[PDB]
$ cat my_file.pdb   # PDB, C-alpha atoms
ATOM      1  CA  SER A  25      39.818 -53.044  31.665
ATOM      2  CA  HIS A  26      40.499 -49.918  29.619
ATOM      3  CA  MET A  27      42.507 -51.915  27.038
ATOM      4  CA  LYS A  28      39.876 -54.513  26.140
ATOM      5  CA  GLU A  29      37.313 -51.717  26.030
ATOM      6  CA  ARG A  30      39.398 -49.712  23.604
ATOM      7  CA  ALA A  31      40.030 -52.824  21.429
ATOM      8  CA  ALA A  32      36.351 -53.514  21.266
ATOM      9  CA  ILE A  33      35.575 -49.957  20.231
ATOM     10  CA  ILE A  34      38.285 -50.063  17.478
ATOM     11  CA  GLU A  35      36.731 -53.291  16.240
ATOM     12  CA  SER A  36      33.196 -51.846  16.432
ATOM     13  CA  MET A  37      34.081 -49.365  13.697
ATOM     14  CA  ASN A  38      33.979 -52.303  11.296
ATOM     15  CA  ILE A  39      30.293 -52.679  12.074
ATOM     16  CA  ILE A  40      29.572 -49.348  10.451
ATOM     17  CA  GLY A  41      32.089 -49.051   7.590
ATOM     18  CA  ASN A  42      29.517 -49.815   4.940
ATOM     19  CA  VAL A  43      27.009 -47.490   6.632
ATOM     20  CA  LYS A  44      29.563 -44.680   6.335
ATOM     21  CA  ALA A  45      30.115 -45.568   2.682
ATOM     22  CA  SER A  46      26.355 -45.647   1.989
ATOM     23  CA  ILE A  47      25.938 -42.222   3.574
ATOM     24  CA  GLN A  48      28.880 -40.765   1.620
ATOM     25  CA  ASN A  49      27.479 -42.133  -1.631
ATOM     26  CA  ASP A  50      24.096 -40.679  -0.832
ATOM     27  CA  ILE A  51      25.631 -37.253  -0.157
ATOM     28  CA  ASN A  52      27.502 -37.562  -3.452
ATOM     29  CA  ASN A  53      24.169 -38.253  -5.166
ATOM     30  CA  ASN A  54      22.725 -35.175  -3.444
ATOM     31  CA  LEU A  55      20.277 -37.104  -1.290
ATOM     32  CA  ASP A  56      18.818 -36.122   2.071
ATOM     33  CA  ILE A  57      20.136 -38.739   4.522
ATOM     34  CA  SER A  58      17.045 -38.395   6.742
ATOM     35  CA  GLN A  59      14.878 -39.719   3.896
ATOM     36  CA  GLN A  60      16.852 -42.911   3.212
ATOM     37  CA  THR A  61      16.775 -46.415   4.634
ATOM     38  CA  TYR A  62      20.149 -47.888   5.630
ATOM     39  CA  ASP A  63      21.376 -51.447   5.907
ATOM     40  CA  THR A  64      22.842 -51.501   9.338
ATOM     41  CA  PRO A  65      23.768 -53.724  12.082
ATOM     42  CA  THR A  66      21.843 -53.888  15.299
ATOM     43  CA  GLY A  67      22.658 -51.346  17.994
ATOM     44  CA  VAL A  68      23.279 -48.619  15.400
ATOM     45  CA  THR A  69      21.223 -45.481  14.787
ATOM     46  CA  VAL A  70      21.533 -43.250  11.725
ATOM     47  CA  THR A  71      20.236 -39.701  11.574
ATOM     48  CA  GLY A  72      20.956 -36.835   9.328
ATOM     49  CA  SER A  73      19.710 -34.148   7.045
ATOM     50  CA  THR A  74      20.637 -32.483   3.788
ATOM     51  CA  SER A  75      23.761 -31.062   5.477
ATOM     52  CA  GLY A  76      25.260 -33.973   7.428
ATOM     53  CA  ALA A  77      24.882 -37.321   9.140
ATOM     54  CA  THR A  78      25.358 -38.988  12.471
ATOM     55  CA  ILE A  79      25.909 -42.687  13.245
ATOM     56  CA  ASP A  80      25.535 -43.782  16.883
ATOM     57  CA  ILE A  81      26.960 -47.081  18.077
ATOM     58  CA  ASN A  82      25.411 -48.303  21.315
ATOM     59  CA  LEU A  83      28.223 -50.456  22.636
ATOM     60  CA  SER A  84      26.060 -52.245  25.180
ATOM     61  CA  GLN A  85      24.157 -53.603  22.184
ATOM     62  CA  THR A  86      26.929 -54.137  19.639
ATOM     63  CA  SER A  87      29.539 -55.361  22.043
ATOM     64  CA  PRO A  88      27.779 -56.766  25.135
ATOM     65  CA  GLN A  89      30.776 -58.912  26.111
ATOM     66  CA  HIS A  90      32.601 -55.664  26.929
ATOM     67  CA  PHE A  91      29.959 -52.984  27.671
ATOM     68  CA  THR A  92      26.747 -53.101  29.682
ATOM     69  CA  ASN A  93      25.981 -49.451  30.345
ATOM     70  CA  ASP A  94      23.293 -48.197  27.865
ATOM     71  CA  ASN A  95      24.907 -44.765  27.795
ATOM     72  CA  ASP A  96      28.115 -46.144  26.319
ATOM     73  CA  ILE A  97      27.591 -44.565  22.904
ATOM     74  CA  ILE A  98      30.183 -43.754  20.264
ATOM     75  CA  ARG A  99      29.108 -41.158  17.670
ATOM     76  CA  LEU A 100      30.477 -40.666  14.166
ATOM     77  CA  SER A 101      29.547 -37.274  12.682
ATOM     78  CA  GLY A 102      29.968 -36.776   8.963
ATOM     79  CA  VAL A 103      29.949 -33.633   6.954
ATOM     80  CA  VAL A 104      31.011 -32.024   3.708
ATOM     81  CA  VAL A 105      31.424 -28.269   3.380
ATOM     82  CA  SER A 106      32.990 -26.229   0.609
ATOM     83  CA  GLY A 107      36.308 -25.974   2.397
ATOM     84  CA  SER A 108      37.099 -29.643   2.808
ATOM     85  CA  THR A 109      36.313 -33.099   1.632
ATOM     86  CA  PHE A 110      33.690 -35.133   3.512
ATOM     87  CA  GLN A 111      35.102 -36.035   6.916
ATOM     88  CA  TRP A 112      34.029 -38.043   9.905
ATOM     89  CA  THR A 113      34.751 -37.200  13.516
ATOM     90  CA  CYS A 114      34.406 -39.713  16.362
ATOM     91  CA  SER A 115      33.181 -38.686  19.830
ATOM     92  CA  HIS A 116      32.045 -40.444  22.988
ATOM     93  CA  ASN A 117      29.196 -39.873  25.399
ATOM     94  CA  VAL A 118      30.143 -38.506  28.837
ATOM     95  CA  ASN A 119      26.650 -38.413  30.340
ATOM     96  CA  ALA A 120      26.640 -41.148  32.994
ATOM     97  CA  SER A 121      28.759 -43.432  30.842
ATOM     98  CA  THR A 122      31.873 -45.467  31.314
ATOM     99  CA  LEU A 123      33.591 -43.832  28.360
ATOM    100  CA  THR A 124      36.586 -41.618  29.068
ATOM    101  CA  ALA A 125      39.747 -40.464  27.333
ATOM    102  CA  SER A 126      41.386 -43.490  28.930
ATOM    103  CA  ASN A 127      39.213 -46.278  27.505
ATOM    104  CA  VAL A 128      38.275 -44.956  24.063
ATOM    105  CA  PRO A 129      40.640 -44.906  21.093
ATOM    106  CA  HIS A 130      42.527 -41.645  20.650
ATOM    107  CA  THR A 131      40.532 -40.943  17.494
ATOM    108  CA  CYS A 132      37.366 -40.735  19.684
ATOM    109  CA  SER A 133      38.479 -38.479  22.575
ATOM    110  CA  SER A 134      36.063 -35.731  21.458
ATOM    111  CA  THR A 135      32.957 -35.662  23.741
ATOM    112  CA  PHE A 136      29.212 -35.173  23.674
ATOM    113  CA  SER A 137      26.453 -35.478  26.265
ATOM    114  CA  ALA A 138      23.514 -37.588  25.076
TER
END

$ encode --input "my_file.pdb" --output "structure tokens"
Amino acid sequence: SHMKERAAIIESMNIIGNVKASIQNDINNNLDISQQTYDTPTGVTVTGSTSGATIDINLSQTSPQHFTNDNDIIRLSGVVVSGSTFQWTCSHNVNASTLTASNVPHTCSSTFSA
């Protein structure tokens, strides 16, 4: 089922594109992300600080037709530093999840443990 799972994760990034944009705009207006309120879809958690931001997608909530395990979380981590333009990195949870290098898109093969 690794293919349908990947497809669903690729599609899930559309759920958060405007959240990413909102966060970037807020950083560009020198706001602390932790102090803002974001318009986001269900199953999504936003955290951050003055120095970055994290968006978690709980796939069992966003995409229940493909994922049922509550640890199946994709994380987008956003940051700007002097040396490079604001950039997002995608990672997947490996703590008792179903998410592996095989069933996540190649852009998300980085790992974390929730």

$ residues_around --input "my_file.pdb" --residues "residue 132 (chain A)" --least-positions-apart "4" --cutoff "12 Å" --atoms "only C-alpha atoms" --output "PyMOL selection string"
chain A and resi 30+33-34+37+97-101+112-118+123-128+136

$ residues_around --input "my_file.pdb" --residues "residue 59 (chain A)" --least-positions-apart "4" --cutoff "10 Å" --atoms "all atoms listed in the file" --output "list in words"
residues 55, 71, 72, 73 and 74 of chain A

$ closest_residue --input "my_file.pdb" --among "A:93, A:137, A:131, A:53" --to "residue 119 (chain A)" --atoms "all atoms listed in the file"
A:137

$ residues_around --input "my_file.pdb" --residues "residue 103 (chain A)" --least-positions-apart "2" --cutoff "6 Å" --atoms "all atoms listed in the file" --output "PyMOL selection string"
chain A and resi 76+110-111

$ resolve_selection --input "my_file.pdb" --expression "the PyMOL selection byres ((chain A and resi 47) around 10)" --output "ChimeraX atom specification"
/A:42-46,48-53,55-57,60,62,70,72,76-79,102

$ atom_distance --input "my_file.pdb" --atom1 "CA of residue 58 (chain A)" --atom2 "CA of residue 80 (chain A)"
14.3 Å

$ residues_around --input "my_file.pdb" --residues "region 64-66 of chain A" --least-positions-apart "3" --cutoff "8 Å" --atoms "only C-alpha atoms" --output "JSON, numbers by chain"
{"A": [39, 40, 43, 85, 86]}

$ atom_distance --input "my_file.pdb" --atom1 "CA of residue 89 (chain A)" --atom2 "CA of residue 120 (chain A)"
19.5 Å

$ resolve_selection --input "my_file.pdb" --expression "the PyMOL selection byres ((chain A and resi 83) around 9)" --output "list in words"
residues 32, 33, 36, 67, 68, 81, 82, 84, 85, 86, 87, 88, 90, 91, 92, 93, 94, 95, 96, 97 and 98 of chain A

$ atom_distance --input "my_file.pdb" --atom1 "CA of residue 106 (chain A)" --atom2 "CA of residue 54 (chain A)"
14.2 Å

$ build_atoms --input "my_file.pdb" --residues "region 111-125 of chain A" --atoms "N, CA and C atoms" --output "JSON list (two decimals), keeping the file's coordinate frame"
[["chain", "number", "residue", "atom", "x", "y", "z"],
["A", 111, "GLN", "N", 34.28, -35.54, 5.83],
["A", 111, "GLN", "CA", 35.10, -36.03, 6.92],
["A", 111, "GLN", "C", 34.23, -36.47, 8.07],
["A", 112, "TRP", "N", 34.69, -37.53, 8.72],
["A", 112, "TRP", "CA", 34.03, -38.04, 9.90],
["A", 112, "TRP", "C", 34.86, -37.72, 11.14],
["A", 113, "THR", "N", 34.15, -37.38, 12.21],
["A", 113, "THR", "CA", 34.75, -37.20, 13.52],
["A", 113, "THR", "C", 34.08, -38.16, 14.50],
["A", 114, "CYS", "N", 34.89, -38.80, 15.33],
["A", 114, "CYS", "CA", 34.41, -39.71, 16.36],
["A", 114, "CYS", "C", 34.38, -39.03, 17.73],
["A", 115, "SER", "N", 33.29, -39.21, 18.48],
["A", 115, "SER", "CA", 33.18, -38.69, 19.83],
["A", 115, "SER", "C", 32.52, -39.74, 20.70],
["A", 116, "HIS", "N", 32.64, -39.54, 22.01],
["A", 116, "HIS", "CA", 32.04, -40.44, 22.99],
["A", 116, "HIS", "C", 31.16, -39.72, 23.98],
["A", 117, "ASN", "N", 30.12, -40.41, 24.42],
["A", 117, "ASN", "CA", 29.20, -39.87, 25.40],
["A", 117, "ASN", "C", 29.85, -39.82, 26.77],
["A", 118, "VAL", "N", 29.67, -38.68, 27.45],
["A", 118, "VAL", "CA", 30.14, -38.51, 28.84],
["A", 118, "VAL", "C", 29.01, -38.30, 29.85],
["A", 119, "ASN", "N", 27.77, -38.48, 29.42],
["A", 119, "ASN", "CA", 26.65, -38.41, 30.34],
["A", 119, "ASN", "C", 26.39, -39.77, 30.98],
["A", 120, "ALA", "N", 26.86, -39.94, 32.21],
["A", 120, "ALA", "CA", 26.64, -41.15, 32.99],
["A", 120, "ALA", "C", 27.04, -42.38, 32.21],
["A", 121, "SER", "N", 28.24, -42.34, 31.64],
["A", 121, "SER", "CA", 28.76, -43.43, 30.84],
["A", 121, "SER", "C", 30.02, -43.97, 31.47],
["A", 122, "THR", "N", 30.60, -44.99, 30.86],
["A", 122, "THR", "CA", 31.87, -45.47, 31.31],
["A", 122, "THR", "C", 32.98, -45.02, 30.40],
["A", 123, "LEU", "N", 32.67, -44.15, 29.42],
["A", 123, "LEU", "CA", 33.59, -43.83, 28.36],
["A", 123, "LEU", "C", 34.39, -42.57, 28.68],
["A", 124, "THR", "N", 35.71, -42.71, 28.70],
["A", 124, "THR", "CA", 36.59, -41.62, 29.07],
["A", 124, "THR", "C", 37.73, -41.56, 28.07],
["A", 125, "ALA", "N", 38.60, -40.55, 28.20],
["A", 125, "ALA", "CA", 39.75, -40.46, 27.33],
["A", 125, "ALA", "C", 40.60, -41.70, 27.47]]
